[PDB]
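Chemist: Handing you this structure, nothing more for now.
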2 protein chains.
Amino acid sequence: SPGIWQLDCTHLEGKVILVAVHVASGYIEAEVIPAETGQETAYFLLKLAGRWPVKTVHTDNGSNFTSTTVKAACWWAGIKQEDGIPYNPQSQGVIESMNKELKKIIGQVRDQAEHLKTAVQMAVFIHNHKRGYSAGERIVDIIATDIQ
Amino acid sequence: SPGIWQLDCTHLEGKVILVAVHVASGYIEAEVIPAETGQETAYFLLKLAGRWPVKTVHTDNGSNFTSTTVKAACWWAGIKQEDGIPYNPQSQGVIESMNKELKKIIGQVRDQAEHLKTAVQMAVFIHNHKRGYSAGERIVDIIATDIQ
Ligand SMILES: CC(C)C[C@H](CNC(=O)Cc1c[nH]c2ccccc12)Cc1ccc2c(c1C(=O)O)OCO2
Ligand SMILES: CC(C)C[C@H](CNC(=O)Cc1c[nH]c2ccccc12)Cc1ccc2c(c1C(=O)O)OCO2
């Protein structure tokens with residue numbers, strides 16, 4: 001499980017927030033995009049895989065799972081693309097709860113940022129630093145233990 | 001040492017590539033921006049600090065060092081902003097060499113990507129995965145050892 005990530009797309013202010021969650025740690029990366037297209041998802045995955053050792057991605061929906069551009073990016077970056085079907089039904093609740101939590105943080109900082117994208121990055125920061133360990137600490141520890 | 005990053009701005013195709021290098025490992029994150037402004041640099045730092053434990057940033061030039069927006073982002077994210085003066089003159093050579101290396105990789109992939117930003121992210125990927133260890137492996141190991 002150190003290489004497993006889950007995609008998650010949520011909506012706010014008529015805009016789209018694309019999230020990748022490292023399942024074992026709760027660590028996230030996120031971006032605001034005008035709309036969830038295969039192209040945007042593919043580009044997001046290329047960025048992610050250059051930054052962390054992404055082995056497997058559970059895609060957020062069937063359109064992205066089918067997308068030729070997403071498939072191309074997964075091929076390029078050496079990522080195994082899988083479905084995101086919650087065979088364990090606690091999987092959707094966890095993601096649902098994270099989206100609510102992220103939106104709450106966005107509301108708390110929204111005043112400090114002119115643009116939503118900035119607020120989202122503040123939320124990523126707060127989420128990954130929140131402490132017992134933080135998600136940032138957990139992902140580093142998990143990956144370091146795997147490398148050895 | 002584990003928390004020290006250096007900013008680096010290089011140019012290609014009439015565009016600007018902003019790079020953050022984790023000094024101890026050689027690990028990088030990068031983005032294409034239309035121009036180096038304080039605003040763009042500030043946003044880039046907010047993203048970086050949400051993703052890695054950034055303690056100190058050596059800024060790439062005096063404009064960014066002076067920028068009130070950059071100072072605001074460093075305050076927000078708990079980053080100590082420092083100059084990027086190469087007191088050890090081997091510092092410039094290393095960065096110079098990395099920019100040449102990154103541009104070479106961009107040329108090698110440029111054909112596989114319609115847009116420069118995509119080529120840059122491919123270059124980040126190749127740079128961080130290149131093997132002995134990779135930069136990705138070194139940064140994780142360095143930070144994990146520090147956490148303990
Ligand atoms: C570090 C943070 C505390 C401040 C900076 C600067 N912003 C302000 O001073 C607040 C502000 C300016 N007008 C407003 C209007 C309404 C509410 C708040 C504001 C945030 C920032 C940094 C870089 C960026 C940004 C932003 C952003 O504001 O979205 O947008 C893209 O590149
Ligand atoms: C994963 C990679 C091997 C392919 C994809 C798709 N690109 C192609 O099929 C090549 C291609 C299409 N027109 C061209 C014109 C000239 C040269 C190459 C091409 C790259 C990609 C993914 C996501 C994105 C992108 C890009 C991008 O091309 O920049 O732009 C922003 O979001």
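For the structure tokens, the naming scheme is as follows: chains receive sequential letters (A, B, ...) according to their order of presentation, residues are indexed from 1 within each chain, and ligands are indexed from 1 in presentation order.
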Give the residue list for ligand 2 at 6 Å, counting only C-alpha atoms and all ligand atoms, as a compact mmCIF listing (two decimals) with N, CA and C atoms, in the first residue's frame, sorted by chain and then by residue number.

Modeler:
```
# COMPACT_ATOMS: atom_id res chain seq x y z
N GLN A 39 -8.13 15.37 -19.91
CA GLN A 39 -6.91 16.14 -20.06
C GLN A 39 -6.40 16.69 -18.72
N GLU A 40 -7.28 17.37 -17.99
CA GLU A 40 -6.89 17.94 -16.69
C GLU A 40 -6.48 16.85 -15.71
N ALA A 42 -5.30 13.86 -16.43
CA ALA A 42 -4.04 13.32 -16.91
C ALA A 42 -2.86 14.18 -16.49
N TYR A 43 -3.00 15.49 -16.65
CA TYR A 43 -1.94 16.44 -16.29
C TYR A 43 -1.67 16.41 -14.78
N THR A 69 -6.52 9.89 -22.72
CA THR A 69 -5.47 10.79 -22.22
C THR A 69 -5.03 10.36 -20.82
N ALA A 72 -2.99 7.31 -21.29
CA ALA A 72 -1.67 7.70 -21.80
C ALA A 72 -0.75 8.20 -20.68
N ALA A 73 -1.29 9.03 -19.79
CA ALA A 73 -0.50 9.54 -18.68
C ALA A 73 -0.09 8.44 -17.71
N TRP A 76 2.66 6.56 -19.40
CA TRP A 76 3.89 7.34 -19.39
C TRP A 76 4.57 7.29 -18.02
N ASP B 111 8.62 16.60 -27.86
CA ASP B 111 7.82 15.98 -28.92
C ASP B 111 6.59 15.21 -28.43
N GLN B 112 6.62 14.74 -27.18
CA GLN B 112 5.54 13.91 -26.63
C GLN B 112 4.43 14.73 -26.00
N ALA B 113 4.68 16.03 -25.87
CA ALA B 113 3.74 16.93 -25.23
C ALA B 113 3.44 18.11 -26.14
N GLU B 114 2.15 18.43 -26.26
CA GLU B 114 1.73 19.62 -27.00
C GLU B 114 2.21 20.89 -26.31
N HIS B 115 2.07 20.94 -24.99
CA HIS B 115 2.33 22.16 -24.21
C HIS B 115 3.60 22.08 -23.37
N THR B 118 3.50 20.60 -19.79
CA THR B 118 3.49 19.14 -19.72
C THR B 118 4.90 18.59 -19.80
```

Chemist: For chain B, work out the contacting residues on chain A at 8 Å, counting only C-alpha atoms, and write them as a list in words.

Modeler: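 On the chain A side, the interface is residues 29, 43, 46, 47, 49, 50, 51, 52, 53, 77, 118, 121, 122, 124, 125, 126, 128, 129, 136, 137, 140, 141, 143, 144 and 147 of chain A.
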
Chemist: Since we have the selection now, will you write its residues out, keeping N, CA and C atoms, as a PDB file, in the first residue's frame?

Modeler:
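Saved as selection.pdb:
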```pdb
ATOM      1  N   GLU A  29      -2.752  15.977  -2.252  1.00  0.00           N
ATOM      2  CA  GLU A  29      -2.435  17.097  -3.127  1.00  0.00           C
ATOM      3  C   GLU A  29      -3.746  17.461  -3.813  1.00  0.00           C
ATOM      4  N   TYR A  43      -3.002  15.493 -16.653  1.00  0.00           N
ATOM      5  CA  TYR A  43      -1.941  16.440 -16.293  1.00  0.00           C
ATOM      6  C   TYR A  43      -1.668  16.406 -14.783  1.00  0.00           C
ATOM      7  N   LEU A  46       0.328  13.315 -13.929  1.00  0.00           N
ATOM      8  CA  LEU A  46       1.729  13.484 -14.326  1.00  0.00           C
ATOM      9  C   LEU A  46       2.487  14.280 -13.265  1.00  0.00           C
ATOM     10  N   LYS A  47       1.876  15.357 -12.780  1.00  0.00           N
ATOM     11  CA  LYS A  47       2.474  16.144 -11.703  1.00  0.00           C
ATOM     12  C   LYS A  47       2.664  15.295 -10.445  1.00  0.00           C
ATOM     13  N   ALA A  49       2.853  12.027  -9.994  1.00  0.00           N
ATOM     14  CA  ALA A  49       3.784  10.907 -10.135  1.00  0.00           C
ATOM     15  C   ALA A  49       5.237  11.357 -10.223  1.00  0.00           C
ATOM     16  N   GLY A  50       5.467  12.605 -10.616  1.00  0.00           N
ATOM     17  CA  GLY A  50       6.814  13.173 -10.597  1.00  0.00           C
ATOM     18  C   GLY A  50       7.286  13.529  -9.202  1.00  0.00           C
ATOM     19  N   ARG A  51       6.338  13.653  -8.271  1.00  0.00           N
ATOM     20  CA  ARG A  51       6.575  14.156  -6.921  1.00  0.00           C
ATOM     21  C   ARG A  51       6.570  13.067  -5.831  1.00  0.00           C
ATOM     22  N   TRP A  52       5.785  12.011  -6.040  1.00  0.00           N
ATOM     23  CA  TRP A  52       5.682  10.870  -5.119  1.00  0.00           C
ATOM     24  C   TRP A  52       5.715   9.576  -5.936  1.00  0.00           C
ATOM     25  N   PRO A  53       6.104   8.444  -5.313  1.00  0.00           N
ATOM     26  CA  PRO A  53       6.202   7.194  -6.078  1.00  0.00           C
ATOM     27  C   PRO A  53       4.844   6.522  -6.233  1.00  0.00           C
ATOM     28  N   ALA A  77       3.777   7.486 -16.968  1.00  0.00           N
ATOM     29  CA  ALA A  77       4.299   7.590 -15.605  1.00  0.00           C
ATOM     30  C   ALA A  77       4.443   6.247 -14.863  1.00  0.00           C
ATOM     31  N   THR A 118      -5.992  29.628  -4.186  1.00  0.00           N
ATOM     32  CA  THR A 118      -5.106  29.926  -3.060  1.00  0.00           C
ATOM     33  C   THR A 118      -5.654  29.316  -1.774  1.00  0.00           C
ATOM     34  N   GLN A 121      -5.012  25.653  -1.661  1.00  0.00           N
ATOM     35  CA  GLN A 121      -3.640  25.301  -1.292  1.00  0.00           C
ATOM     36  C   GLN A 121      -3.385  25.528   0.204  1.00  0.00           C
ATOM     37  N   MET A 122      -4.015  26.547   0.789  1.00  0.00           N
ATOM     38  CA  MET A 122      -3.978  26.743   2.242  1.00  0.00           C
ATOM     39  C   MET A 122      -4.608  25.551   2.966  1.00  0.00           C
ATOM     40  N   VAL A 124      -4.874  22.456   1.753  1.00  0.00           N
ATOM     41  CA  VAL A 124      -3.945  21.337   1.601  1.00  0.00           C
ATOM     42  C   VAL A 124      -2.885  21.408   2.704  1.00  0.00           C
ATOM     43  N   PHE A 125      -2.317  22.599   2.884  1.00  0.00           N
ATOM     44  CA  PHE A 125      -1.303  22.829   3.922  1.00  0.00           C
ATOM     45  C   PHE A 125      -1.822  22.446   5.311  1.00  0.00           C
ATOM     46  N   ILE A 126      -2.967  22.996   5.683  1.00  0.00           N
ATOM     47  CA  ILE A 126      -3.532  22.738   7.011  1.00  0.00           C
ATOM     48  C   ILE A 126      -3.852  21.256   7.169  1.00  0.00           C
ATOM     49  N   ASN A 128      -2.469  18.630   5.674  1.00  0.00           N
ATOM     50  CA  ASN A 128      -1.283  17.779   5.722  1.00  0.00           C
ATOM     51  C   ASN A 128      -0.429  17.981   6.969  1.00  0.00           C
ATOM     52  N   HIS A 129      -0.598  19.124   7.627  1.00  0.00           N
ATOM     53  CA  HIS A 129       0.164  19.455   8.839  1.00  0.00           C
ATOM     54  C   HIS A 129      -0.587  19.123  10.127  1.00  0.00           C
ATOM     55  N   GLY A 136       1.552  14.403   6.594  1.00  0.00           N
ATOM     56  CA  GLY A 136       2.869  14.610   6.012  1.00  0.00           C
ATOM     57  C   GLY A 136       3.930  13.710   6.613  1.00  0.00           C
ATOM     58  N   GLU A 137       3.891  13.570   7.934  1.00  0.00           N
ATOM     59  CA  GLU A 137       4.816  12.686   8.633  1.00  0.00           C
ATOM     60  C   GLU A 137       4.561  11.220   8.289  1.00  0.00           C
ATOM     61  N   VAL A 140       5.807  10.197   4.610  1.00  0.00           N
ATOM     62  CA  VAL A 140       7.266  10.113   4.552  1.00  0.00           C
ATOM     63  C   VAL A 140       7.735   8.825   5.230  1.00  0.00           C
ATOM     64  N   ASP A 141       7.212   8.562   6.424  1.00  0.00           N
ATOM     65  CA  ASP A 141       7.581   7.354   7.183  1.00  0.00           C
ATOM     66  C   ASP A 141       7.213   6.069   6.436  1.00  0.00           C
ATOM     67  N   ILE A 143       6.751   5.645   3.161  1.00  0.00           N
ATOM     68  CA  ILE A 143       7.545   5.467   1.947  1.00  0.00           C
ATOM     69  C   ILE A 143       8.997   5.119   2.295  1.00  0.00           C
ATOM     70  N   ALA A 144       9.549   5.777   3.310  1.00  0.00           N
ATOM     71  CA  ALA A 144      10.931   5.506   3.732  1.00  0.00           C
ATOM     72  C   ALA A 144      11.102   4.060   4.185  1.00  0.00           C
ATOM     73  N   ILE A 147      11.138   1.881   1.001  1.00  0.00           N
ATOM     74  CA  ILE A 147      12.405   1.997   0.260  1.00  0.00           C
ATOM     75  C   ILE A 147      13.460   1.050   0.829  1.00  0.00           C
TER      76      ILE A 147
END
```

Chemist: Using only C-alpha atoms, which of the listed residues (A:102, A:109, A:93, A:74) sits closest to residue 19 (chain A)?

Modeler: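 Distance minimum relative to residue 19 (chain A) lands on A:102.
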
Chemist: Can you work out which one of A:59, A:37, A:68, A:99 has the shortest atom-to-atom distance to residue 84 (chain A), counting only C-alpha atoms?

Modeler: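 Closest to residue 84 (chain A), using only C-alpha atoms: A:59.
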
Chemist: Could you give me, as a ChimeraX atom specification, each residue of chain B that DSSP assigns to helix (DSSP H, G or I) when run on this structure's backbone?

Modeler: /B:38-51,62-66,68-77,90-112,116-129,135-147

Chemist: Do a neighbour search on residue 92 (chain B) at 12 Å with only C-alpha atoms, toss out local chain neighbours closer than 5 positions, and write the hits as a CSV table (one decimal) with N, CA and C atoms, in the first residue's frame.

Modeler:
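File produced: result.csv:
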```
chain,number,residue,atom,x,y,z
B,6,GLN,N,15.8,25.9,-2.3
B,6,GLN,CA,16.4,27.0,-3.1
B,6,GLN,C,15.5,27.2,-4.3
B,7,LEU,N,15.1,28.5,-4.5
B,7,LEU,CA,14.3,28.9,-5.7
B,7,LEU,C,15.3,29.1,-6.9
B,8,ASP,N,14.8,28.9,-8.1
B,8,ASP,CA,15.6,29.0,-9.3
B,8,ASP,C,14.6,29.3,-10.4
B,60,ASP,N,15.5,33.4,-5.1
B,60,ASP,CA,16.3,33.4,-6.3
B,60,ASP,C,16.8,34.8,-6.7
B,84,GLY,N,19.7,34.2,-1.6
B,84,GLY,CA,20.2,33.1,-2.3
B,84,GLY,C,21.6,33.4,-2.8
B,85,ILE,N,22.3,34.2,-2.1
B,85,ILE,CA,23.7,34.6,-2.5
B,85,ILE,C,24.6,33.4,-2.3
B,86,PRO,N,25.3,33.1,-3.4
B,86,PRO,CA,26.2,31.9,-3.4
B,86,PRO,C,27.6,32.2,-2.7
B,87,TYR,N,27.5,32.2,-1.4
B,87,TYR,CA,28.7,32.4,-0.6
B,87,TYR,C,29.7,31.3,-0.8
B,97,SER,N,24.0,24.0,-13.8
B,97,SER,CA,24.1,22.6,-14.4
B,97,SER,C,22.7,21.9,-14.4
B,98,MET,N,22.0,22.1,-13.4
B,98,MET,CA,20.6,21.6,-13.3
B,98,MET,C,19.7,22.2,-14.3
B,99,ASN,N,19.8,23.5,-14.5
B,99,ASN,CA,18.9,24.2,-15.5
B,99,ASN,C,19.2,23.6,-17.0
```

Chemist: Suppose you want the space between atom 30 (O, counted along the ligand's line) of ligand 1 and CA of residue 41 (chain B); what is it in Å?

Modeler: 10.1 Å

Chemist: So what do you get for atom 28 (O, counted along the ligand's line) of ligand 1 versus CA of residue 18 (chain B), distance-wise?

Modeler: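 We find that atom 28 (O, counted along the ligand's line) of ligand 1 and CA of residue 18 (chain B) lie 19.3 Å from each other.
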
Chemist: Which of these, A:55, A:104, A:110, A:82, has the shortest distance to ligand 1 once you count only C-alpha atoms and all ligand atoms?

Modeler: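 Nearest to ligand 1: A:110.
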
Chemist: Choose the residue, out of A:89, A:131, A:63, A:32, that has the smallest atom-to-atom separation from ligand 1; count only C-alpha atoms and all ligand atoms.

Modeler: A:32

Chemist: Out of A:12, A:35, A:116, A:57, which residue has the shortest atom-to-atom distance to ligand 1 when counting only C-alpha atoms and all ligand atoms?

Modeler: A:116

Chemist: Using backbone DSSP assignments, extract all strand (DSSP E or B) residues from chain A; output them as a list in words.

Modeler: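 Secondary structure check on chain A, strand (DSSP E or B): residues 4, 5, 6, 7, 8, 9, 10, 11, 12, 15, 16, 17, 18, 19, 20, 21, 22, 28, 29, 30, 31, 32, 33, 56, 57, 58, 80, 81 and 82 of chain A.
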